[PDB]
Number of protein chains: 4
Amino acid sequence: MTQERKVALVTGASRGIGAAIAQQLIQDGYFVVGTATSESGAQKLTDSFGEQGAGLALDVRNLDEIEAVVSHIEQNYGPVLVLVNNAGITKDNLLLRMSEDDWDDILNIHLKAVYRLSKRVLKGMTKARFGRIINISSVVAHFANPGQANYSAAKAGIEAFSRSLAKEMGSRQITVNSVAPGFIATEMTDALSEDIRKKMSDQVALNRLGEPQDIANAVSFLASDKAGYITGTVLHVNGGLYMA
Amino acid sequence: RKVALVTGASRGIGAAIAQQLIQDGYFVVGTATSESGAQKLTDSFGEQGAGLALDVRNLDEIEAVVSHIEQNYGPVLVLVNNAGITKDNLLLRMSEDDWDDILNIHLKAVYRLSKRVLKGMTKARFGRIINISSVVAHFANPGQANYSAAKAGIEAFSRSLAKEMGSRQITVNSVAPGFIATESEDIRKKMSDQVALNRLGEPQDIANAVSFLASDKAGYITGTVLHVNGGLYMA
Amino acid sequence: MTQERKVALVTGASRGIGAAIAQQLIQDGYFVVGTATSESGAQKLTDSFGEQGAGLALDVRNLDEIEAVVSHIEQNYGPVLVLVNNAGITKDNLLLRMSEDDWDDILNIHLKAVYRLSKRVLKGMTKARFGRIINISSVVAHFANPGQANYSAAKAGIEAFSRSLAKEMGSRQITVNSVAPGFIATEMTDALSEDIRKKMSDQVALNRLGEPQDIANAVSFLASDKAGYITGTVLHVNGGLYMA
Amino acid sequence: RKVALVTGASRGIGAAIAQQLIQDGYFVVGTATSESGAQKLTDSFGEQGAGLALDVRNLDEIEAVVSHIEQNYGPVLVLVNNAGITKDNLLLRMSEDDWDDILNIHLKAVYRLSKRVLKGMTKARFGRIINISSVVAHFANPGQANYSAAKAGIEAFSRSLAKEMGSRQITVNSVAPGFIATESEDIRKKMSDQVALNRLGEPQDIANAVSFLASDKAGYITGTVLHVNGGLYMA
Ligand SMILES: NC(=O)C1=CN([C@@H]2O[C@H](COP(=O)(O)OP(=O)(O)OC[C@H]3O[C@@H](n4cnc5c(N)ncnc54)[C@H](OP(=O)(O)O)[C@@H]3O)[C@@H](O)[C@H]2O)C=CC1
Ligand SMILES: NC(=O)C1=CN([C@@H]2O[C@H](COP(=O)(O)OP(=O)(O)OC[C@H]3O[C@@H](n4cnc5c(N)ncnc54)[C@H](OP(=O)(O)O)[C@@H]3O)[C@@H](O)[C@H]2O)C=CC1
Ligand SMILES: NC(=O)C1=CN([C@@H]2O[C@H](COP(=O)(O)OP(=O)(O)OC[C@H]3O[C@@H](n4cnc5c(N)ncnc54)[C@H](OP(=O)(O)O)[C@@H]3O)[C@@H](O)[C@H]2O)C=CC1
Ligand SMILES: NC(=O)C1=CN([C@@H]2O[C@H](COP(=O)(O)OP(=O)(O)OC[C@H]3O[C@@H](n4cnc5c(N)ncnc54)[C@H](OP(=O)(O)O)[C@@H]3O)[C@@H](O)[C@H]2O)C=CC1
């Protein structure tokens, strides 16, 4: 077999925003490698992507796994020319109850992972004189939320990292951007009550929660030639929940 | 087709926006300051658009133009405020006329045209207002206090209006171009040296950003500034 | 008589924030000219300031009055070396009901006035190689409020103007800054209900409305030598209502 | 007197902050990475402060130092997180150690020390946490991705904590210095050319900003970044 499409890597593609991003990038014409934290989840991704992608197990907290996954992609499918850092979790707590592990795990899964994966894909993107690094941030990197000091610090750090890397890599036509979702309908919000979803949508100028596909549409735009002169920015997709 | 109105569509950014929105499937009314320019617009757009003369400083012309569009083509459901000029000067040499003309052509025009299209957009429960701003509304440039004030005002206006109209599914956004190629060689290099991507942009880059915002792919984006400056300024 | 103190001009000093600013600048050692829209209001200012200031009538919508007032100050008290643009009103309306006059009056009173007064005091500040221009903005130049498109546009324009002028005048050691108040207790908020003031304070991290003196303290800081390396900024004084 | 804790008070910005807070009426505990540096701090502060050795990378030392202050001087009611270093490199040459050390010394230290002082500030219904950031958290600089990420993270941390602690009248703010004179002549001119005020700043400018934020004159300011950069970067 042959693999002639440009390769996109989407971390945490099992569901919701990550799944929508991965499927959209497939529709756009990429060969998409998506990751999950378990081999079973990776196999589910393989099944969903069919012959235009692949699922791989990855814990983004571990440098050896990051390096092994990117090496596998390079050896089997091609250079990673679109990297979407989407994998994440939250470990919320007011600071007085935020443990060392609460802090470290979130910083490692979000910010350190962005540093490690971006560094690891630079050589191939430089070689191609083409690259897209698209980091999933959050509205709370801008509009502070009590109980999420770790998550907010990590996402804001990601945005500043992205500015630095955009400056370092711009001459090679590699763009580095962040997408900041607002209130997006996921399993989590599905689990909330109707009244609380209404409280949330009342804060949104467009008067509704967003959908994973809205984030996918933003990522797809940034990954395309239609955004070749956009780098070092935050693309806010929050329905007017936060305006800058 | 849905009707888009693009002011100052004669050349450069405006012309690229108008042509892209035609490609996207809109019927595009583009405007120029003269009947001759309007006719050239009509000729380029063919059966997918129309050219009209409009000085955006004049409220009567704004109302006549929008009424004409409503009577002949349909409600204005995409409004792109692109028309503009500069009258640069250090503040000590910036006259009342230099200030007022820039504020009127940019900010007042945005107020007047947005107000005039609200009714049709409200009826349709669909709308795109896309205002052309500038990097200098963020990264200040000596000699452009009037232009900078007007564009920043446009961005704040857009946030307020986005809040007012969001429930009706009308989005209001700004696109802020950086250094875009218009026409000065060693100086060009100075400009490109400030850009992370190490080159000047093209009108089509701005057209692509506007096309994105005007489409269903941006239906959950409102009240934002989309910077298209190659890393010249990073927010 | 003699007038040896540096001269500060505070527009709209009759009450609230402007009155607190004017009195604080007097306490700091300035000779303070404050303005009101009527001769009676100007006389009240003269009475409050005593022999360390003066009250003058000024409608900031009129260039001839601006030029006459600054000329009077220069001829009677000294060059305006601290300018605080505080005068203002609101004319709120959703855009569909916002008239041409609603728009124009607000833009003229806020933004055009800042342009005119700043331009008029530049020569004296340049001559002194010292200057402070301090523009009163608003949190709504950042956090959008429906019904205030004119006021928001004007204050945001003022902030951008201030950046431009800061760049133009920095070599002469003239600083140009804005102070953005949040919810400050004034006659207007006094006229609101207790329940609505509680609704407001609930949005504020510090859980209370501010006081005019908080704004005065910010202006006093920026006008002093303790802020000689601060220019082109917005100093937010809103108790955490809006964080940037 | 109320007790202020200033990390990295040996020289420059930290030393200026510590001396200014002494002048303001605080009892200042300043820290250094060695017992000798701590002794020099003790000597300079005299009867208005004390010097202690502290590596902010080590949680045990943080807890021992704050406990010692509580047992000997009083609750820490002003915390200034100033200690830091740089380990610059383009990302392709930035090692895991270069990244981790900077993140730990800046951001992790801010998390740990802020957490450790919350109880005393909550009891007093008074507190000032003032974190030293940098212009490069806003205006990116090649080679400083780690430093930039850490300082931006500190600013977002500060906003979150300001929301958590505001009801108790504890403010949490950042001060972002620009180009501040430390120690390279024609290059100095390049730096000053980027500054609207056309000169490098001094440590005392940063001390003045911190002194303002730590005082009653800033009791309604929380969750902000106070830029002190002479117009190098305008927000
Ligand atoms: N959800 C929302 O409403 C919002 C989300 N965001 C951000 O967008 C992204 C999407 O969030 P969400 O849609 O909630 O994604 P989900 O929480 O729905 O699923 C998260 C994904 O991350 C993966 N993941 C979790 N921990 C690790 C790890 N240690 N190593 C590798 N992969 C891991 C999971 O793998 P597995 O499937 O095996 O668990 C899963 O694929 C996140 O970065 C989040 O911060 C921002 C704003 C709003
Ligand atoms: N060009 C650039 O590099 C950058 C431009 N921008 C902004 O992008 C937009 C496009 O810039 P640019 O392409 O230079 O366009 P201009 O600002 O030069 O605008 C020219 C167009 O506007 C029309 N126009 C001028 N005055 C009026 C008026 N009073 N009423 C109606 N139409 C008027 C002209 O009509 P006619 O053809 O008849 O003269 C022409 O179609 C502007 O808002 C500009 O400020 C932002 C940053 C960079
Ligand atoms: N009040 C608040 O809570 C907030 C206020 N601000 C801003 O801070 C400033 C203070 O607002 P506020 O405290 O309400 O001041 P007030 O509304 O209490 O009084 C306003 C002052 O402005 C003067 N004024 C009004 N129109 C004119 C005019 N055309 N020419 C000259 N002077 C005029 C009045 O003069 P006279 O006394 O003769 O009427 C009065 O002195 C304003 O710029 C406002 O936008 C921002 C955020 C919150
Ligand atoms: N200096 C400048 O131009 C600018 C600096 N900044 C920031 O302002 C702050 C001050 O900068 P600068 O004056 O250069 O200070 P540094 O970043 O050089 O910090 C030096 C001080 O921190 C101490 N320190 C270093 N490592 C540790 C550690 N692991 N644990 C505890 N203390 C430590 C040093 O102790 P010892 O004396 O024992 O070595 C010394 O007191 C920093 O956060 C800096 O990043 C921001 C922008 C501009």
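Only this structure's heavy atoms are used, side chains among them; waters, hydrogens and symmetry mates stay out. Order of the sequence lines sets the chain letters (A, B, ...), proteins ahead of strands, with each chain counted from 1.
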Report task. Report the C-alpha separation of D:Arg112 and D:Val56 in whole Å, then their side-chain angles, then the decisive distance to 0.1 Å, and conclude whether the side chain to side chain contact (heavy atoms under 4.5 Å, CB included) test is met. Result -> CA-CA 9 Å; D:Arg112 286 169 158 172; D:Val56 298; over 6 Å; no

Within a strict 4.5 Å, meaning less than it, do heavy atoms of the C:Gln24 and C:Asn217 side chains meet?
-> yes

Between C:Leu81 and C:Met125 the two heavy atoms that sit nearest each other are O-CE, 3.5 Å

Across all chains, not counting sequence neighbours, the side-chain hydrogen bond (donor to acceptor under 3.5 Å, both in side chains) partners of A:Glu168 are none

Sorted by chain and residue number, the ring-ring contact (aromatic ring centres under 6.0 Å, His included) partners of C:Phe130 (sequence neighbours excluded) come out as none

Mind checking whether D:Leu103 and A:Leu111 have side chains closer than 4.5 Å, heavy atoms only?
yes

Practice prompt. Taking the six-membered ring for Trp and the single ring otherwise, decide whether the centroids of D:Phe139 and D:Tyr233 are under 6.0 Å apart.
Written response: no

So OG of A:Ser138 and NE2 of A:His236: to nearest 0.5 Å the spacing works out to 10.0 Å

In A:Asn177, A:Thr233, A:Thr231, A:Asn135, the residue satisfying side-chain hydrogen bond (donor to acceptor under 3.5 Å, both in side chains) with A:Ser162 is A:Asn135

Looking only at heavy atoms, the pair that brings D:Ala140 and A:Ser164 closest together is CB-N, 3.7 Å

To the nearest 0.5 Å, atom OG of C:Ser224 lies from atom OH of C:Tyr30 at 7.5 Å

Is any side-chain heavy atom of C:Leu165 closer than 4.5 Å to one of C:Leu122? yes

In short, D:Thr86 meets D:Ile102 closest at the heavy-atom pair C-CD1, 3.9 Å

Q. Are any non-hydrogen side-chain atoms of C:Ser118 and C:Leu83 less than 4.5 angstrom apart?
A. yes

With a 4.5 Å limit on heavy-atom distance, are the side chains of D:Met165 and A:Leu95 in contact?
-> no

What one should report as the nearest heavy-atom pair of C:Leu25 and C:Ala8 is CD1-CB, 3.9 Å

Working for side chain to side chain contact (heavy atoms under 4.5 Å, CB included), residues D:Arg128 and D:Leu213 = CA-CA 8 Å; D:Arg128 297 287 192 277; D:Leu213 290 177; 5.8 Å; no

- [ ] Carefully, step by step, assess D:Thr171 and D:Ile221 under the rule side chain to side chain contact (heavy atoms under 4.5 Å, CB included).
- [x] CA-CA 7 Å; D:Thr171 74; D:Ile221 300 178; over 6 Å; no

- [ ] Check whether any side-chain heavy atom of D:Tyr220 lies under 4.5 Å from a side-chain heavy atom of C:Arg208, and answer yes or no.
- [x] yes

**Study point:** Side-chain (C:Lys226) to main-chain (D:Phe212) donor-acceptor, under 3.5 angstrom
**Key:** no

Nearest heavy-atom approach of B:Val195 to B:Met191 is CG2-O, 3.5 Å

Separation between CG (B:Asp193) and CZ (B:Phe179), nearest 0.5 Å, reads 10.5 Å

Please evaluate residues B:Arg159 and B:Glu155 with respect to the criterion side chain to side chain contact (heavy atoms under 4.5 Å, CB included), reporting the C-alpha separation (whole Å), side-chain torsions for both, the decisive distance (0.1 Å), and the verdict. CA-CA 6 Å; B:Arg159 294 190 283 279; B:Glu155 294 179 353; 3.9 Å; yes

Problem - N/O donor-acceptor pair under 3.5 Å between C:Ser137 side chain and C:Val179 backbone - result: no

Heavy-atom nearest pair, D:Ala196 first then D:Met234, reads CB-CE, 4.0 Å

- Is the side chain of C:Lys155 donor-acceptor paired with the backbone N or O of C:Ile136 at a distance under 3.5 Å, no angle test? yes

CG (D:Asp205) and CD (D:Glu202) are apart, to the nearest 0.5 Å, by 6.5 Å

Distance-only, no hydrogens or angles: does the A:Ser152 side chain make a donor-acceptor pair with backbone N or O of D:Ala156 under 3.5 Å?
no

- Item | 4.5 Å side-chain heavy-atom contact, D:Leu226 and C:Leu235 | yes

inquiry  = So does B:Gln144 get a backbone contact from the side chain of B:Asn141, meaning a donor-acceptor N/O pair under 3.5 Å?
reply    = no

When rounded to the nearest 0.5 Å, the distance separating CD1 of D:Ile105 from OG1 of D:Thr7 is 11.0 Å

Any side-chain heavy atom of D:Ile154 sitting closer than 4.5 Å to one from D:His106? yes

Here the gap from C:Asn85 atom CG to C:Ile133 atom CD1, rounded to the nearest 0.5 Å, amounts to 7.5 Å

